[PDB]
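Chains as they are written, first to last, in the authors' numbering: chain AY, 67 to 129; chain AX, 1 to 143; chain AJ, 4 to 184; chain Ae, 74 to 131. No residue lacks a Cβ here, since even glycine has one placed at the ideal position from N, Cα and C.
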Amino acid sequence: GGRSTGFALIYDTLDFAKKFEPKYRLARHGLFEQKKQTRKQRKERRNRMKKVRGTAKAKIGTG
Amino acid sequence: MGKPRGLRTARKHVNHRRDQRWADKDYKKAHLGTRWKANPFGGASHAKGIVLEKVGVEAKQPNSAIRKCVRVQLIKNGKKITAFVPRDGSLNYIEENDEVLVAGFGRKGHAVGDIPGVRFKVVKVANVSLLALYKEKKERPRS
Amino acid sequence: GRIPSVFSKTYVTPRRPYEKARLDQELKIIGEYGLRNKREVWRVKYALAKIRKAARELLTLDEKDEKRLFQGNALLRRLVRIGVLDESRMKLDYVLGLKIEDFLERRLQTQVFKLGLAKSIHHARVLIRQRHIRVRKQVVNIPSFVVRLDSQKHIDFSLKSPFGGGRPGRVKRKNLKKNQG
Amino acid sequence: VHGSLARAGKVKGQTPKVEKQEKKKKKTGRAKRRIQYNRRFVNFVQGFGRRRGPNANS
RNA sequence: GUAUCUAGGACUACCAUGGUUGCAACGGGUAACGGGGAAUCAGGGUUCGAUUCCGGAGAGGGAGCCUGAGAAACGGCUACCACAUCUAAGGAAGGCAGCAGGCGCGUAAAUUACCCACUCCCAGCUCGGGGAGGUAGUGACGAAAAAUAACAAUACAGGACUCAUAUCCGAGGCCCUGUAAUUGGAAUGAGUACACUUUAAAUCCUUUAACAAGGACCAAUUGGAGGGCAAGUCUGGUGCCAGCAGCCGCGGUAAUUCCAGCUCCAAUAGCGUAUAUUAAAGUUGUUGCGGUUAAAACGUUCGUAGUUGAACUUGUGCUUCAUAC
């Protein structure tokens, strides 16, 4: 103990900080956590999107 | 005496050595490469095999004993091996016609001791590591 | 990769493994410096050779040569900062008179014992494991720290260490509880 | 010849098999190198034995 | 001349008879992707390079071709061959040498996990996409660092030591040294877990409150003890048997090698075994071998290739200064 280096990013205002704001890195003090996926099943719904044309409203029954 | 000692004879000096490393008895397993021809496994290190018999190879003179070897047919190529099982007992660990990992015998192609012309050595029979069987440090596969 | 774990293999095993006088010398080092395994001594002995094979090569350059100085004295910058060579014998010829023990006498396992912090030729050697040694801000777990000569005076103790007096047991303080409770 | 292998493992069958059971689990690396000093220096002050061997029993 | 993006026998037409090689053409072999580089010694070297970077090829086989700026593309199509699938029998469709997997083969190679946060790529694009890339689980290929005690009187003897007395001898012995399942003093982190931090998120390390050693415990092994070659003429067993053993050799009924037990040695979170390779090897030798007799000078001479070829053709003087003294 007695030495613990780190980074600090003092913006000007929060809404101007609300432009740059790496969100996944903001997410520790993120009040803004949305849209869980989780990236393994989103492919499987995307591949089934390719086999229906025009409407794409039949994959409610595929999970 | 001898060498082409000029300064423009590096053609003779390399064509001579090229033609006279064939008489380096041990650099004729770089050149003629009989490994895939005369070795019982095709140049590998170990070999899995399947025991065929229990050959009591008698000892060569002037030592009398009976070495208790084992005649393996492999599975790699269908060559034949007379391998060897060391450290008294452990023919009782053979359970015949069950598979064997034979190995090289440490004189790089020759028989070693009083064994006549037998060039191999069992290191694992039924996957249980024979050096861990004289202590019976692991359990023998019996059923 | 890529560059996977780039080698620098130390640990030079000797040529003939049981030369009797080579074996009767190693324990004339282990009593002197409380070292664990023998290839520790081959670790430091290998360090001398890369010095010497650099050192003896420069003496084949015809002074004045550019290589013999900016690589020459720059070796000697290190060999005095490590606290091994003096200032009078600074020159490239004298660097070849370095025995193995002179590098070992800047080990932390002797620099805490040649200082009065240790009072034993092995209590030094395990004190560095249990973290009660500070070098100017930093506690050091590894006894092969080898000390530069500039940082000689700052070998002292940790403040969170029970010497000198922070949470002094603390297992003994629980042993100061188990007796009364 | 291959006259018999029926005596394979014979002398192991003629072994009395006494045991170990003890002997004081020994110091490892650094402390093992500590313990190899008394067995040299003072015992054995290199006294005159008239051409003998040091790790002897008798 | 034609074709091509373009040169060009690239191809057609006529015409010329040329090209190539003992300085190794041509054919054959390859357990041949080429290089960066890797291994190993003092040098000189041998050996290796499927493998992260560069260049090249290939997507079961050969062939073909569309779109395009760019593909003779295969996570494009078209045949055929092989292999194979769903078929209601009419037809339809296959390509993991991408990732993670499964079968095989073999001595021989990880989890059908997470994420685009990094590096960068891509589109219409600041945002989308990206099992590239990154994280993680597996992981003694490997490389580094380093835990197995530390300290204390008695202790039990060696030793100096003061001294009696001396080929003896003891005591004041003691810095010491060990033995002490004697005694302790116990010093700490593997554990240990709040909470932190790290992170896309999570874990690992580092910090960390609490928790953590009298060994029986938090308990190192692996090989050996004839020589080579470090270390028992220790005890018991076995008696040319079982075995050991790289080599030389032990066992043939007192085994310094066998089976053990006690002991002991070498390295040590490492060690043995195999094949391979390198050094040892001045046993491939240009540096550097040898040829009377140990292996080795053609039966003789001639002789192209090749290798190797004597001498001679601007050299110190003379004067000065810079310049050592």
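Amino acids of chain AX, ordered along the chain, whose beta-carbon sits closer than 7 Å to that of residue i
i: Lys93/Ae; result: Within chain AX, no residue comes near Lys93/Ae; the closest Cβ sits about 12 Å away, beyond 7 Å.
i: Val74/Ae; result: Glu58
Contacts of residue i in chain AX (Cβ-Cβ under 8 Å)
i: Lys85/Ae; result: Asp88 and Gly89
i: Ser77/Ae; result: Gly56 and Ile66
Member of the options whose CA lies at the smallest distance from the CA of residue i
i: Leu101/AJ; options: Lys48/AJ, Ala121/AJ, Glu60/AJ and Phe10/AJ; result: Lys48/AJ
i: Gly104/AX; options: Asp88/AX, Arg87/AX, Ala83/AX and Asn63/AX; result: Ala83/AX
i: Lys85/Ae; options: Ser143/AX, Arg87/AX and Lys137/AX; result: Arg87/AX
i: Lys48/AX; options: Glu139/AX, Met1/AX and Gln73/AX; result: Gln73/AX
i: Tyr93/AX; options: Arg5/AX, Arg142/AX, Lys3/AX and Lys12/AX; result: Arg142/AX
i: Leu79/AJ; options: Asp65/AJ, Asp68/AJ, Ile103/AJ and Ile54/AJ; result: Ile54/AJ
i: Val85/AX; options: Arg119/AX, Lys12/AX and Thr9/AX; result: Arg119/AX
i: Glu136/AX; options: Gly106/AX, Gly113/AX and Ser90/AX; result: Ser90/AX
i: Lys156/AJ; options: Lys117/AJ, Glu90/AJ and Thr13/AJ; result: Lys117/AJ
i: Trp45/AJ; options: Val115/AJ, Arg84/AJ, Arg25/AJ and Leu152/AJ; result: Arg25/AJ
i: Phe160/AJ; options: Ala58/AJ, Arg170/AJ and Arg134/AJ; result: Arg134/AJ
i: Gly67/AY; options: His126/AJ, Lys175/AJ and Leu162/AJ; result: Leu162/AJ
i: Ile85/AJ; options: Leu152/AJ, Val174/AJ, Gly184/AJ and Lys67/AJ; result: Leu152/AJ
i: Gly43/AX; options: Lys25/AX, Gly117/AX, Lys108/AX and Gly6/AX; result: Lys108/AX
i: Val129/AJ; options: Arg42/AJ, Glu43/AJ, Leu38/AJ and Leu72/AJ; result: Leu38/AJ
i: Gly102/Ae; options: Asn182/AJ, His125/AJ and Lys177/AJ; result: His125/AJ
N-terminal and C-terminal residue of the beta strand (DSSP E) that residue i is part of
i: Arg105/AY; result: Segment: none, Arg105/AY is in no beta strand (DSSP E) and carries neither H nor E.
i: residue 149/AX; result: Here chain AX comprises residues numbered 1 to 143, so residue 149/AX is not present and cannot be evaluated.
i: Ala83/AX; result: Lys80 to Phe84
i: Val112/AX; result: First-last for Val112/AX: undefined, no H or E at that position.
i: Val14/AX; result: First-last for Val14/AX: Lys12 to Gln20, but that is the alpha helix (DSSP H), not the beta strand (DSSP E).
7 Å Cβ cut-off: residues of chain AJ touching residue i
i: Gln109/Ae; result: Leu30
i: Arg124/Ae; result: Going along chain AJ, no residue has its Cβ under 7 Å from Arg124/Ae, so there is no contact; the nearest lies around 17 Å.
Cross-chain neighbours of residue i in chain AJ, by beta carbon under 9 Å
i: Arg80/Ae; result: Residues of chain AJ passing the Cβ test: none, with the nearest at roughly 38 Å.
i: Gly102/Ae; result: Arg39 and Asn40
Contact list for residue i against chain Ae, beta-carbon separation under 9 Å
i: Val70/AX; result: In chain order: nothing, as chain Ae lies at least about 10 Å away.
i: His125/AJ; result: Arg103, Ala104 and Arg107
Terminal residues of the alpha helix (DSSP H) in which residue i lies
i: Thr113/AJ; result: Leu111 to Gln114
i: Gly49/AX; result: That residue, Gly49/AX, is in no alpha helix (DSSP H); its beta strand (DSSP E) goes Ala47 to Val51.
i: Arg25/AJ; result: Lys23 to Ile33
i: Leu92/AY; result: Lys89 to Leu92
i: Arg71/AX; result: That residue, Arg71/AX, is in no alpha helix (DSSP H); its beta strand (DSSP E) goes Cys69 to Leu74.
i: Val57/AX; result: That residue, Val57/AX, is in no alpha helix (DSSP H); it is neither H nor E in DSSP.
i: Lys175/AJ; result: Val174 to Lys181
i: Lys70/AJ; result: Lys70 to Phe73
i: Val129/AJ; result: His126 to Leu130
i: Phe106/AJ; result: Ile103 to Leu107
i: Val125/AX; result: No alpha helix (DSSP H) contains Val125/AX, which is instead part of the beta strand (DSSP E) from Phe120 to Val125.
i: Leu80/AY; result: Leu80 to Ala83
i: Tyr49/AJ; result: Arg42 to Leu61
i: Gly120/Ae; result: Looking at the DSSP string, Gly120/Ae is not in any alpha helix (DSSP H), and its letter there is neither H nor E.
i: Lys37/AX; result: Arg35 to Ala38
i: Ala74/AY; result: Note, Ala74/AY: premise wrong, no alpha helix (DSSP H); not H, not E.
i: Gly102/Ae; result: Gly102 to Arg107
i: residue 185/AJ; result: The shown model of chain AJ, from 4 to 184, leaves out residue 185/AJ, and the question about it has no answer.
i: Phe114/Ae; result: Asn111 to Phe114
Interface partners of residue i on chain Ae, CB under 7 Å
i: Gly34/AJ; result: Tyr110
i: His135/AJ; result: Per Cβ cutoff of 7 Å: no residues; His135/AJ is ~18 Å from chain Ae at best.
Contact set between residue i and chain Ae, taken where Cβ atoms lie within less than 8 Å
i: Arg59/AJ; result: The premise fails here: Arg59/AJ is roughly 33 Å from chain Ae at the closest Cβ pair, so nothing lies under 8 Å.
i: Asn92/AX; result: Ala81 and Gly82
i: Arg128/AJ; result: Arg103
Given 8 Å as the limit, is there contact between the stretch 141-151 of chain AJ and the stretch 98-118 of chain AJ, that is, 3 or more CB pairs closer than that?
Cβ pair count under 8 Å is three or more, so yes.
The stretch 29-42 of chain AJ contacting the stretch 118-136 of chain AX, beta-carbon criterion three pairs below 8 Å:
The stretch 29-42 of chain AJ and the stretch 118-136 of chain AX do not touch, with fewer than 3 CB-CB distances between them shorter than 8 Å.
The stretch 64-72 of chain AX touching the stretch 161-174 of chain AJ, judged by at least three CB pairs closer than 8 Å:
Segments in contact, no.
Between the stretch 40-59 of chain AX and the stretch 75-94 of chain Ae, are three or more C-beta pairs nearer than 8 Å?
With a cut-off of 8 Å, the stretch 75-94 of chain Ae and the stretch 40-59 of chain AX count as touching, because enough Cβ pairs lie within range.
Measuring CB atoms only, is the stretch 127-142 of chain AJ touching the stretch 92-100 of chain AJ, in the sense that at least three cross pairs come out at less than 8 Å?
With contact defined as three or more Cβ pairs closer than 8 Å, the stretch 127-142 of chain AJ and the stretch 92-100 of chain AJ are not in contact.
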